[PDB]
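Peer 1: Dumping the structure here so I can ask a few things about it.
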Amino acid sequence: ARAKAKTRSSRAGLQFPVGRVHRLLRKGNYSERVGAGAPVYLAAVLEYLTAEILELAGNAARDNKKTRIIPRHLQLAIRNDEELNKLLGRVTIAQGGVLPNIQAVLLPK
Amino acid sequence: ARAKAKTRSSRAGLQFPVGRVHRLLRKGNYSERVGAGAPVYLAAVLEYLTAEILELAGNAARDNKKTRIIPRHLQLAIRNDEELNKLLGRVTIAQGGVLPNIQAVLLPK
Amino acid sequence: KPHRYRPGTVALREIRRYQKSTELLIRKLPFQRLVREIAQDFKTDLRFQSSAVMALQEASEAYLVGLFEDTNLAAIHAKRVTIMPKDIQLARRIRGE
Amino acid sequence: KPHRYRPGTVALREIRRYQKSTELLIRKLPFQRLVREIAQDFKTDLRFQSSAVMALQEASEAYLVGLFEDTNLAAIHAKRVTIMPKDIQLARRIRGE
Amino acid sequence: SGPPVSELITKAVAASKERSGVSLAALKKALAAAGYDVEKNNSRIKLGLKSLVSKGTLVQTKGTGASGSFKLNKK
Amino acid sequence: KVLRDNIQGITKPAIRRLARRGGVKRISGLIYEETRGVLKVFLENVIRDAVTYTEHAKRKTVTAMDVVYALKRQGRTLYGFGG
Amino acid sequence: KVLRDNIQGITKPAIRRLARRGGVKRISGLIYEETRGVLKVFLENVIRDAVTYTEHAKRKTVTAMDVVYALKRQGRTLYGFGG
Amino acid sequence: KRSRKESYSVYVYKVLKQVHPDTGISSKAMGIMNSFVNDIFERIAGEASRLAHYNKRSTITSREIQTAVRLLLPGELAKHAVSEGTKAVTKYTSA
Amino acid sequence: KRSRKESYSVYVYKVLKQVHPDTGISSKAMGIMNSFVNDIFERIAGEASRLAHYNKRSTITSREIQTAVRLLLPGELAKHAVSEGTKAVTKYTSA
DNA sequence: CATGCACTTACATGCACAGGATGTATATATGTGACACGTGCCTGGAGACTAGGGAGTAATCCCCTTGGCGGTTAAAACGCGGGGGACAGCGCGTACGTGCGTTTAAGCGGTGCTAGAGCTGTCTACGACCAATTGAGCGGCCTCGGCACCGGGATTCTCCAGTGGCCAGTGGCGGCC
DNA sequence: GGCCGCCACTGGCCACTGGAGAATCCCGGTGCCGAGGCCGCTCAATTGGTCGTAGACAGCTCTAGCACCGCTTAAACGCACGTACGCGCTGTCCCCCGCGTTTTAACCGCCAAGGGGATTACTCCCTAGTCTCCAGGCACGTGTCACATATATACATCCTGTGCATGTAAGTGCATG
């Protein structure tokens with residue numbers, strides 16, 4: 001009578017919810033109609049960027065010898081990638097701190 | 001037996017088109033519904049802002065003894081009102097030039 | 001003689017410390033008190049989530065810190081190592097306020 | 001004896017002139033050449049409405065002029081009157097460019 | 001009227017006698033304390049000190065020209 | 001309940017701490033009250049926006065959601081508070 | 001057919017005129033080429049977006065409101081050319 | 001003939017004449033005026049859409065726009081705009 | 001009794017264990033990620049809506065989203081995101 | 001008669017003010033086109049009705065916020081030497097303003113011509129919409145190991161007492177006149 | 001015999017060095033509470049099918065952009081040359097900083113009140129949508145005076161030549177050694 005339900009995220013094979021993002025765009029007042037591949041494309045690019053920043057966070061935590069990522073790792077990761085840095089130059093992280101950075105003449109001699 | 005076609009801008013005593021702004025808000029995709037008095041309020045606010053900026057422009061044109069509004073007068077008007085300048089700090093003007101500004105150290109003794 | 005560090009050494013040490021550190025630098029209670037004080041000026045009997053106060057503290061500290069890096073850029077640009085009131089005034093004006 | 005103004009006098013005179021004037025300070029056709037050259041680096045055989053080239057123009061000198069009042073305030077902040085590209089780098093970095 | 005600025009300068013350099021020579025700002029404050037309108041006579045003091053340096057009566061310690069420290073001759 | 005001088009509640013060593021996190025090596029003595037005024041002007045901007053949001057919500061309880069709305073409206077978006 | 005050097009089309013006297021409009025009275029010689037680089041950088045920053053709008057419009061010819069969109073995207077909103 | 005392109009010329013011309021009967025207008029300053037009015041309309045409309053999104057409201061009322069007038073328009077202009085828009089709202093309420 | 005609230009925790013958890021099985025996470029870092037995904041989603045959606053208005057297209061497709069991400073995301077991030085989304089929409093098209 | 005001092009006199013130098021040049025400011029002339037206004041029109045705003053649903057409002061409760069005491073220090077504050085840094089002054093050597101002749105290329109303007117923006121019939125892909133259903137995603141709970149805290153070494157950096165080298169000051173010596 | 005130059009000694013200053021002392025990290029051990037993982041629910045994502053319609057395409061057109069070509073003149077360009085400007089040196093005062101001591105209030109911990117955020121229920125106010133209609137503004141067209149440009153004249157300003165006050169140096173007569 002009816003086939004087993006297969007999710008569109010599974011049909012794409014990506015982890016972000018296609019149906020949730022499509023519902024958000026339907027109720028977010030951006031267009032009267034949305035092409036079917038558009039939220040899939042959105043979920044894909046979101047999962048790519050979250051994946052890469054998670055690589056950066058995991059590398060930062062492993063450099064800090066910590067198993068779990070912290071907002072300081074997020075600060076250190078997001079400020080040392082220039083595309084990400086100017087992507088979020090005006091975006092602020094809770095309890096992130098700052099980069100270790102000292103101007104040259106501040107040092108002695 | 002229809003009523004005589006009267007206009008909503010006249011109903012609010014306004015010059016800006018209530019119907020055009022209402023249509024733009026309906027097709028601008030900002031919500032599924034809009035209140036009746038909301039475009040009236042918006043048109044009234046826009047009319048007040050345009051009225052004050054045109055009055056400042058006319059005063060500026062009178063100061064430069066020209067009978068017609070020039071965008072130089074618009075630049076002089078906007079940059080000399082503090083709340084307008086705070087409204088339009090990041091706005092680029094066509095043919096505006098700048099305010100006549102010389103720093104005190106640039107002038108000779 | 002008693003020990004005494006030379007000026008700037010401890011300053012550089014605490015620079016390294018606070019760049020390493022992540023915590024808020026101002027006390028919680030007087031900050032919340034000042035936030036309630038100034039918010040009372042607009043409308044009366046306002047209640048505050050502690051999360052809102054902490055988030056405001058975070059944003060304020062970050063905004064101030066970025067202002068001081070701009071001030072540091074101005075001061076090193078002015079060939080000085082001591083920040084000056086005209087440096088903050090300049091940085092605020094360059095940022096567009 | 002042939003007259004010669006002292007330095008800065010003529011400079012301040014065209015400062016007053018160009019602050020009074022609104023007309024565009026850039027030769028139009030070399031600017032159009034530069035626009036087409038840079039545009040060809042992204043897409044070949046691009047064609048331009050002349051109004052688009054104009055809009056790009058006033059956008060360009062708006063950014064450039066505002067940069068120069070920023071750098072001028074930086075330079076007098078540095079107790080100097082001659083601008084140097086370090087001032088421009090300072091202004092770009094403080095603006096977050 | 002009174003004496004010229006040269007007696008004032010040599011009195012300023014003979015007043016203190018540190019290991020290093022007296023400086024421009026120190027001698028200006030010395031003449032301000034002794035009584036002289038130093039604010040309009042900066043060029044006067046510069047030319048007087050440079051002329052008296054050329055006489056060999058004063059030797060400039062570290063600086064060059066009118067800057068630096070200034071001290072009296074051997075004898 | 002009614003308080004007056006809590007701009008002085010941002011103490012001078014706290015400003016020194018912020019400066020050391022900001023990489024300032026030396027601070028003039030005139031700096032602290034200026035920075036107090038600056039953080040003030042900033043804060044009534046943001047809380048005026050927050051109060052406007054809160055009264056629009058028909059609430060007298062200020063939420064951090066309103067705060068992050070106010071900060072991103074000034075182009076100063078903050079992460080980590082439910083946005 | 002191709003172009004190789006038009007950055008020198010922004011001549012030193014034109015830059016001097018702009019700095020006089022900027023209120024600069026004295027200009028070092030090192031200024032001009034560095035400012036050429038800065039203005040150039042601004043140019044690809046706007047024109048990459050402009051090309052993106054143009055191709056997304058499926059047009060081959062650049063139109064002005066696309067430049068308007070790109071500039072207000074960069075917070076540099078231009079008046080007098082919309083529509 | 002071509003397609004109709006709506007513009008703001010007539011309305012701004014009327015308000016210009018009622019604030020200054022004596023003066024004239026240049027058309028490229030009028031292009032600036034179209035850009036200005038469209039810009040502010042877009043800003044306030046986007047802010048109102050954000051506010052209705054936050055309060056889960058499907059309907060934009062004048063309360064939302066009035067709130068946005070507090071948000072964007074600075075200070076004394078905002079109190080003035082509340083005054084004129086409020087009395088205009090009452091007048092339209094009286095049809 | 002409570003009300004269900006949306007968050008993106010579990011999908012980011014699958015992504016994290018996909019990219020780093022050995023690496024944990026703090027919950028406030030997840031709050032920062034939730035602000036991240038909501039903010040970037042809102043940016044792309046607003047850009048897509050304004051682009052859809054610019055060409056008067058009442059439907060936003062993956063072409064529009066591609067245009068928007070090319071606008072906002074710079075270069076290397078842009079080209080790899082384009083590649084990932086292109087592969088995703090292709091394998092969805094085969095599905 | 002010589003010599004120091006004071007007095008007088010001449011010259012160098014900084015400051016002030018008049019005078020010309022000149023670029024900008026101020027007065028008509030004009031002819032032009034941008035601006036402003038009359039006109040056809042059609043399409044977009046408005047009038048009447050409807051349907052239905054989103055928002056306004058009552059009730060409640062509970063959870064979150066507010067209000068209050070008391071140790072407990074860390075932190076704030078105060079004070080004080082004292083080094084380090086802002087900053088004034090000057091010299092000075094330059095690089096850039098200013099001026100002027102040249103070349104060039106920017107601009108005007110005029111023709112030709114075409115890609116291509118853009119407008120309009122068509123029809124179909126596609127996407128929103130409605131009924132069902134479920135399983136994945138979220139509330140709840142538990143527990144446990146990553147992680148916070150602490151204490152003892154090891155390290156590490158840094159500042160300060162000696163440490164020798166260098167340079168100039170200084171006295172003594174030998175030769176010379 | 002005294003004077004002068006030379007030579008050798010010596011003291012102070014400046015870069016080098018080892019060690020001490022305090023800060024900082026690191027390693028090991030301990031508890032402790034958020035991560036996260038499992039369990040139960042539910043609601044919303046999916047499936048399927050339909051209707052309508054959005055937009056891609058075909059095709060056409062006319063228009064604005066691109067090219068070119070000649071003229072012209074101002075702008076750029078480049079060289080000369082003076083001057084003012086960065087800026088490095090030196091120094092000098094004084095301003096925060098490190099290092100303590102006192103103080104104080106922040107914070108944590110705990111406890112009680114209640115208030116309004118939020119949630120559900122009910123309702124009806126309002127507004128999107130549809131049909132009809134007509135007039136408001138827009139494109140088009142066309143006259144017309146505001147002003148851009150041109151020309152003649154006035155004044156502000158700016159540099160500069162000259163004239164004055166003042167500081168300084170030199171000569172010399174006179175009183176005295």
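Note on naming: chains are A, B, ... as they come in the structure tokens, residues start from 1 per chain, ligands start from 1 in the order shown.
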Please return the superposed copy of chain F as an mmCIF file with N, CA and C atoms, in the first residue's frame; the fit should be least squares onto chain G across all sequentially paired Cα atoms.
Peer 2:
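Output file superposed.cif follows:
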```cif
data_model
loop_
_atom_site.group_PDB
_atom_site.id
_atom_site.type_symbol
_atom_site.label_atom_id
_atom_site.label_comp_id
_atom_site.auth_asym_id
_atom_site.auth_seq_id
_atom_site.Cartn_x
_atom_site.Cartn_y
_atom_site.Cartn_z
ATOM 1 N N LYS F 1 41.770 45.036 -27.068
ATOM 2 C CA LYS F 1 40.820 44.202 -26.345
ATOM 3 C C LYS F 1 41.424 43.747 -25.020
ATOM 4 N N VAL F 2 42.617 43.167 -25.085
ATOM 5 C CA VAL F 2 43.297 42.677 -23.890
ATOM 6 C C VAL F 2 44.246 43.752 -23.379
ATOM 7 N N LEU F 3 44.028 44.188 -22.141
ATOM 8 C CA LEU F 3 44.778 45.284 -21.541
ATOM 9 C C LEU F 3 45.452 44.802 -20.264
ATOM 10 N N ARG F 4 46.565 45.439 -19.899
ATOM 11 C CA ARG F 4 47.402 44.929 -18.820
ATOM 12 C C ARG F 4 47.586 45.889 -17.654
ATOM 13 N N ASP F 5 47.940 47.148 -17.901
ATOM 14 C CA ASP F 5 48.501 48.005 -16.855
ATOM 15 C C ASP F 5 47.636 49.235 -16.622
ATOM 16 N N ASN F 6 46.330 49.029 -16.523
ATOM 17 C CA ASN F 6 45.412 50.144 -16.366
ATOM 18 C C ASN F 6 45.193 50.540 -14.916
ATOM 19 N N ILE F 7 45.802 49.825 -13.967
ATOM 20 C CA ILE F 7 45.877 50.343 -12.607
ATOM 21 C C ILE F 7 46.718 51.614 -12.591
ATOM 22 N N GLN F 8 47.712 51.701 -13.477
ATOM 23 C CA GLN F 8 48.447 52.936 -13.682
ATOM 24 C C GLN F 8 47.626 53.980 -14.419
ATOM 25 N N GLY F 9 46.495 53.588 -15.008
ATOM 26 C CA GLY F 9 45.559 54.536 -15.578
ATOM 27 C C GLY F 9 44.950 55.484 -14.570
ATOM 28 N N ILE F 10 44.909 55.097 -13.298
ATOM 29 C CA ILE F 10 44.583 56.023 -12.218
ATOM 30 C C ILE F 10 45.872 56.790 -11.950
ATOM 31 N N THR F 11 46.012 57.929 -12.618
ATOM 32 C CA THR F 11 47.253 58.681 -12.591
ATOM 33 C C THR F 11 47.473 59.324 -11.227
ATOM 34 N N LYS F 12 48.736 59.658 -10.964
ATOM 35 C CA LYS F 12 49.106 60.300 -9.705
ATOM 36 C C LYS F 12 48.393 61.627 -9.445
ATOM 37 N N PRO F 13 48.286 62.580 -10.392
ATOM 38 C CA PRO F 13 47.511 63.797 -10.082
ATOM 39 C C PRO F 13 46.038 63.545 -9.812
ATOM 40 N N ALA F 14 45.457 62.480 -10.370
ATOM 41 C CA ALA F 14 44.092 62.109 -10.005
ATOM 42 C C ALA F 14 44.011 61.708 -8.538
ATOM 43 N N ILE F 15 45.018 60.980 -8.062
ATOM 44 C CA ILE F 15 45.082 60.611 -6.653
ATOM 45 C C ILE F 15 45.284 61.850 -5.792
ATOM 46 N N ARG F 16 46.075 62.808 -6.283
ATOM 47 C CA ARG F 16 46.214 64.083 -5.584
ATOM 48 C C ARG F 16 44.888 64.826 -5.519
ATOM 49 N N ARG F 17 44.107 64.781 -6.601
ATOM 50 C CA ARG F 17 42.785 65.405 -6.605
ATOM 51 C C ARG F 17 41.869 64.762 -5.574
ATOM 52 N N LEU F 18 41.878 63.429 -5.513
ATOM 53 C CA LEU F 18 41.084 62.714 -4.519
ATOM 54 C C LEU F 18 41.523 63.072 -3.108
ATOM 55 N N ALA F 19 42.830 63.227 -2.910
ATOM 56 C CA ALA F 19 43.361 63.589 -1.603
ATOM 57 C C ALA F 19 42.966 65.007 -1.208
ATOM 58 N N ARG F 20 42.971 65.934 -2.167
ATOM 59 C CA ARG F 20 42.563 67.300 -1.864
ATOM 60 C C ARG F 20 41.073 67.373 -1.566
ATOM 61 N N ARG F 21 40.264 66.564 -2.258
ATOM 62 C CA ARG F 21 38.870 66.434 -1.845
ATOM 63 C C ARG F 21 38.769 65.732 -0.499
ATOM 64 N N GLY F 22 39.701 64.835 -0.207
ATOM 65 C CA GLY F 22 39.773 64.229 1.101
ATOM 66 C C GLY F 22 40.402 65.087 2.170
ATOM 67 N N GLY F 23 40.807 66.309 1.833
ATOM 68 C CA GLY F 23 41.385 67.197 2.817
ATOM 69 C C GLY F 23 42.824 66.914 3.161
ATOM 70 N N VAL F 24 43.539 66.197 2.311
ATOM 71 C CA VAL F 24 44.955 65.936 2.523
ATOM 72 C C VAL F 24 45.746 67.155 2.085
ATOM 73 N N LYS F 25 46.629 67.630 2.956
ATOM 74 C CA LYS F 25 47.461 68.769 2.603
ATOM 75 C C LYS F 25 48.781 68.343 1.974
ATOM 76 N N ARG F 26 49.400 67.280 2.481
ATOM 77 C CA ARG F 26 50.670 66.800 1.951
ATOM 78 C C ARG F 26 50.608 65.294 1.753
ATOM 79 N N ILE F 27 51.123 64.834 0.617
ATOM 80 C CA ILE F 27 51.050 63.437 0.212
ATOM 81 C C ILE F 27 52.471 62.924 0.078
ATOM 82 N N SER F 28 52.765 61.784 0.693
ATOM 83 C CA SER F 28 54.059 61.163 0.453
ATOM 84 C C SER F 28 54.099 60.558 -0.945
ATOM 85 N N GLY F 29 55.313 60.389 -1.468
ATOM 86 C CA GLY F 29 55.472 59.806 -2.788
ATOM 87 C C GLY F 29 55.150 58.330 -2.847
ATOM 88 N N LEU F 30 55.219 57.641 -1.713
ATOM 89 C CA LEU F 30 54.931 56.217 -1.630
ATOM 90 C C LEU F 30 53.442 55.921 -1.608
ATOM 91 N N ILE F 31 52.605 56.954 -1.555
ATOM 92 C CA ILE F 31 51.195 56.762 -1.254
ATOM 93 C C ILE F 31 50.451 56.192 -2.452
ATOM 94 N N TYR F 32 50.789 56.661 -3.658
ATOM 95 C CA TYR F 32 49.934 56.494 -4.832
ATOM 96 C C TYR F 32 49.781 55.036 -5.243
ATOM 97 N N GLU F 33 50.872 54.274 -5.258
ATOM 98 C CA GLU F 33 50.769 52.868 -5.638
ATOM 99 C C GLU F 33 50.043 52.057 -4.569
ATOM 100 N N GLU F 34 50.198 52.442 -3.299
ATOM 101 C CA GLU F 34 49.440 51.800 -2.233
ATOM 102 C C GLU F 34 47.954 52.035 -2.410
ATOM 103 N N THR F 35 47.575 53.283 -2.679
ATOM 104 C CA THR F 35 46.175 53.604 -2.905
ATOM 105 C C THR F 35 45.653 52.920 -4.154
ATOM 106 N N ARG F 36 46.514 52.753 -5.161
ATOM 107 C CA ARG F 36 46.152 51.974 -6.338
ATOM 108 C C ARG F 36 45.817 50.541 -5.967
ATOM 109 N N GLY F 37 46.653 49.922 -5.134
ATOM 110 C CA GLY F 37 46.366 48.570 -4.680
ATOM 111 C C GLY F 37 45.103 48.491 -3.844
ATOM 112 N N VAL F 38 44.872 49.502 -3.009
ATOM 113 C CA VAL F 38 43.695 49.514 -2.144
ATOM 114 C C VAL F 38 42.417 49.631 -2.965
ATOM 115 N N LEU F 39 42.384 50.591 -3.897
ATOM 116 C CA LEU F 39 41.211 50.769 -4.742
ATOM 117 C C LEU F 39 41.026 49.566 -5.642
ATOM 118 N N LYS F 40 42.138 48.919 -6.019
ATOM 119 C CA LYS F 40 42.062 47.640 -6.704
ATOM 120 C C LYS F 40 41.302 46.625 -5.873
ATOM 121 N N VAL F 41 41.829 46.278 -4.680
ATOM 122 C CA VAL F 41 41.283 45.186 -3.864
ATOM 123 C C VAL F 41 39.799 45.411 -3.602
ATOM 124 N N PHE F 42 39.452 46.663 -3.283
ATOM 125 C CA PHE F 42 38.062 47.093 -3.204
ATOM 126 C C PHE F 42 37.312 46.809 -4.500
ATOM 127 N N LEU F 43 37.925 47.114 -5.648
ATOM 128 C CA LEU F 43 37.146 47.016 -6.869
ATOM 129 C C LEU F 43 36.942 45.569 -7.288
ATOM 130 N N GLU F 44 37.923 44.669 -7.089
ATOM 131 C CA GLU F 44 37.607 43.291 -7.484
ATOM 132 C C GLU F 44 36.633 42.661 -6.501
ATOM 133 N N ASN F 45 36.630 43.112 -5.236
ATOM 134 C CA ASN F 45 35.543 42.708 -4.343
ATOM 135 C C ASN F 45 34.185 43.086 -4.923
ATOM 136 N N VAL F 46 34.011 44.362 -5.277
ATOM 137 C CA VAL F 46 32.681 44.803 -5.686
ATOM 138 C C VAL F 46 32.310 44.240 -7.056
ATOM 139 N N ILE F 47 33.278 44.080 -7.965
ATOM 140 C CA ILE F 47 32.886 43.626 -9.294
ATOM 141 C C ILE F 47 32.769 42.116 -9.310
ATOM 142 N N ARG F 48 33.449 41.423 -8.392
ATOM 143 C CA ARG F 48 33.212 39.997 -8.234
ATOM 144 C C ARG F 48 31.790 39.753 -7.774
ATOM 145 N N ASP F 49 31.324 40.574 -6.831
ATOM 146 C CA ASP F 49 29.917 40.519 -6.453
ATOM 147 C C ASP F 49 29.012 40.856 -7.632
ATOM 148 N N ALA F 50 29.376 41.885 -8.399
ATOM 149 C CA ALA F 50 28.556 42.316 -9.526
ATOM 150 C C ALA F 50 28.488 41.252 -10.612
ATOM 151 N N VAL F 51 29.621 40.618 -10.908
ATOM 152 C CA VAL F 51 29.685 39.521 -11.861
ATOM 153 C C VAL F 51 28.841 38.358 -11.380
ATOM 154 N N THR F 52 28.881 38.067 -10.077
ATOM 155 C CA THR F 52 28.060 36.998 -9.524
ATOM 156 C C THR F 52 26.576 37.290 -9.708
ATOM 157 N N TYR F 53 26.178 38.537 -9.454
ATOM 158 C CA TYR F 53 24.805 38.956 -9.710
ATOM 159 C C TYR F 53 24.451 38.818 -11.183
ATOM 160 N N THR F 54 25.370 39.219 -12.060
ATOM 161 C CA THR F 54 25.076 39.278 -13.486
ATOM 162 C C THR F 54 24.927 37.886 -14.075
ATOM 163 N N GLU F 55 25.806 36.965 -13.684
ATOM 164 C CA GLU F 55 25.666 35.587 -14.135
ATOM 165 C C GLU F 55 24.446 34.938 -13.505
ATOM 166 N N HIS F 56 24.067 35.380 -12.303
ATOM 167 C CA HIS F 56 22.818 34.896 -11.734
ATOM 168 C C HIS F 56 21.624 35.391 -12.534
ATOM 169 N N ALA F 57 21.748 36.569 -13.141
ATOM 170 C CA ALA F 57 20.696 37.096 -13.996
ATOM 171 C C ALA F 57 20.690 36.467 -15.380
ATOM 172 N N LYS F 58 21.607 35.530 -15.650
ATOM 173 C CA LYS F 58 21.823 34.939 -16.972
ATOM 174 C C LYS F 58 22.110 36.010 -18.017
ATOM 175 N N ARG F 59 22.830 37.047 -17.610
ATOM 176 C CA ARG F 59 23.198 38.154 -18.473
ATOM 177 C C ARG F 59 24.711 38.249 -18.587
ATOM 178 N N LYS F 60 25.168 38.778 -19.718
ATOM 179 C CA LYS F 60 26.548 39.216 -19.841
ATOM 180 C C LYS F 60 26.670 40.729 -19.837
ATOM 181 N N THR F 61 25.554 41.438 -19.751
ATOM 182 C CA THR F 61 25.534 42.888 -19.664
ATOM 183 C C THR F 61 25.398 43.280 -18.200
ATOM 184 N N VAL F 62 26.384 44.019 -17.695
ATOM 185 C CA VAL F 62 26.373 44.440 -16.300
ATOM 186 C C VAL F 62 25.499 45.677 -16.150
ATOM 187 N N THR F 63 24.565 45.631 -15.207
ATOM 188 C CA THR F 63 23.689 46.757 -14.929
ATOM 189 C C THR F 63 24.159 47.507 -13.690
ATOM 190 N N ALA F 64 23.809 48.795 -13.641
ATOM 191 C CA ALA F 64 24.063 49.591 -12.445
ATOM 192 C C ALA F 64 23.219 49.115 -11.273
ATOM 193 N N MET F 65 22.082 48.483 -11.564
ATOM 194 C CA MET F 65 21.264 47.856 -10.536
ATOM 195 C C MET F 65 22.048 46.779 -9.795
ATOM 196 N N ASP F 66 22.796 45.968 -10.540
ATOM 197 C CA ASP F 66 23.655 44.966 -9.924
ATOM 198 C C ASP F 66 24.763 45.625 -9.116
ATOM 199 N N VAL F 67 25.276 46.757 -9.606
ATOM 200 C CA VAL F 67 26.339 47.468 -8.905
ATOM 201 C C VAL F 67 25.845 47.983 -7.563
ATOM 202 N N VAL F 68 24.649 48.569 -7.533
ATOM 203 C CA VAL F 68 24.158 49.119 -6.275
ATOM 204 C C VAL F 68 23.765 47.990 -5.326
ATOM 205 N N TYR F 69 23.334 46.842 -5.874
ATOM 206 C CA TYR F 69 23.177 45.652 -5.040
ATOM 207 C C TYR F 69 24.492 45.268 -4.372
ATOM 208 N N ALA F 70 25.571 45.237 -5.156
ATOM 209 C CA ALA F 70 26.873 44.824 -4.643
ATOM 210 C C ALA F 70 27.391 45.795 -3.593
ATOM 211 N N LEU F 71 27.216 47.094 -3.832
ATOM 212 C CA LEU F 71 27.689 48.080 -2.868
ATOM 213 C C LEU F 71 26.877 48.064 -1.582
ATOM 214 N N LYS F 72 25.562 47.827 -1.653
ATOM 215 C CA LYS F 72 24.828 47.830 -0.393
ATOM 216 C C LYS F 72 25.063 46.522 0.348
ATOM 217 N N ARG F 73 25.480 45.476 -0.375
ATOM 218 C CA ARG F 73 25.787 44.222 0.297
ATOM 219 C C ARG F 73 27.062 44.344 1.119
ATOM 220 N N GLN F 74 27.978 45.217 0.714
ATOM 221 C CA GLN F 74 29.160 45.524 1.503
ATOM 222 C C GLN F 74 28.915 46.639 2.505
ATOM 223 N N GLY F 75 27.658 47.014 2.727
ATOM 224 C CA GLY F 75 27.345 48.095 3.638
ATOM 225 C C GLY F 75 27.842 49.443 3.182
ATOM 226 N N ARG F 76 27.873 49.678 1.877
ATOM 227 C CA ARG F 76 28.397 50.899 1.280
ATOM 228 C C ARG F 76 27.408 51.439 0.262
ATOM 229 N N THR F 77 26.157 51.586 0.700
ATOM 230 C CA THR F 77 25.038 51.884 -0.184
ATOM 231 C C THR F 77 25.200 53.226 -0.887
ATOM 232 N N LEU F 78 24.940 53.221 -2.190
ATOM 233 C CA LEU F 78 25.054 54.390 -3.050
ATOM 234 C C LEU F 78 23.663 54.797 -3.506
ATOM 235 N N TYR F 79 23.385 56.092 -3.476
ATOM 236 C CA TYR F 79 22.114 56.610 -3.950
ATOM 237 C C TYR F 79 22.263 57.200 -5.343
ATOM 238 N N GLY F 80 21.170 57.160 -6.102
ATOM 239 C CA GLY F 80 21.086 57.864 -7.364
ATOM 240 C C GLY F 80 21.198 57.013 -8.606
ATOM 241 N N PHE F 81 21.058 55.696 -8.508
ATOM 242 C CA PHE F 81 21.208 54.836 -9.674
ATOM 243 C C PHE F 81 20.109 53.789 -9.718
ATOM 244 N N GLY F 82 18.868 54.239 -9.566
ATOM 245 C CA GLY F 82 17.727 53.390 -9.821
ATOM 246 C C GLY F 82 17.368 52.424 -8.718
ATOM 247 N N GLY F 83 18.040 52.488 -7.575
ATOM 248 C CA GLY F 83 17.749 51.589 -6.473
ATOM 249 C C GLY F 83 16.380 51.793 -5.849
#
```
Peer 1: Quick check for you: according to DSSP on this backbone, which residues of chain G are classed as alpha helix (DSSP H)? Reply as a PyMOL selection string.
Peer 2: chain G and resi 12-21+31-56+64-73
Peer 1: Check which residues of chain I sit at most 12 Å from chain H using only C-alpha atoms, and return one row each with the closest pair of atoms and their distance in Å to one decimal, ordered by chain and rising number, as CSV.
Peer 2:
```
residue,atom,partner,partner_atom,distance
I:42,CA,H:50,CA,10.7
I:46,CA,H:46,CA,9.8
I:49,CA,H:46,CA,11.5
I:50,CA,H:42,CA,10.6
```
Peer 1: Residues at most 10 Å from segment 13-17 of chain E, counting only C-alpha atoms (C1' of nucleotides), excluding those fewer than 4 positions away in the same chain, as JSON, numbers by chain?
Peer 2: {"E": [7, 8, 9, 21, 22, 23, 26, 27, 30, 58, 69, 70, 71, 72]}
Peer 1: Would you return as a tab-separated table (two decimals) with N, CA, C and O atoms, in the first residue's frame the members of chain G that DSSP assigns to strand (DSSP E or B) on this structure's backbone?
Peer 2:
```tsv
chain	number	residue	atom	x	y	z
G	26	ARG	N	49.61	67.44	2.10
G	26	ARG	CA	50.95	66.98	1.77
G	26	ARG	C	50.95	65.47	1.64
G	26	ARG	O	50.54	64.76	2.57
G	27	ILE	N	51.42	64.97	0.50
G	27	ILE	CA	51.30	63.57	0.12
G	27	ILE	C	52.69	63.02	-0.16
G	27	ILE	O	53.42	63.57	-0.99
G	61	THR	N	25.69	41.41	-20.02
G	61	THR	CA	26.03	42.81	-19.87
G	61	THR	C	25.78	43.24	-18.43
G	61	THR	O	24.73	42.95	-17.87
G	62	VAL	N	26.76	43.92	-17.85
G	62	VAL	CA	26.67	44.39	-16.47
G	62	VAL	C	25.71	45.57	-16.41
G	62	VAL	O	25.82	46.51	-17.20
G	77	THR	N	25.99	51.61	0.71
G	77	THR	CA	24.78	51.83	-0.06
G	77	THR	C	24.82	53.13	-0.84
G	77	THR	O	25.06	54.20	-0.28
G	78	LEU	N	24.54	53.04	-2.14
G	78	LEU	CA	24.61	54.16	-3.06
G	78	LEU	C	23.21	54.67	-3.37
G	78	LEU	O	22.31	53.88	-3.69
G	79	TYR	N	23.04	55.98	-3.29
G	79	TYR	CA	21.79	56.62	-3.63
G	79	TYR	C	21.89	57.25	-5.01
G	79	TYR	O	22.95	57.73	-5.41
```
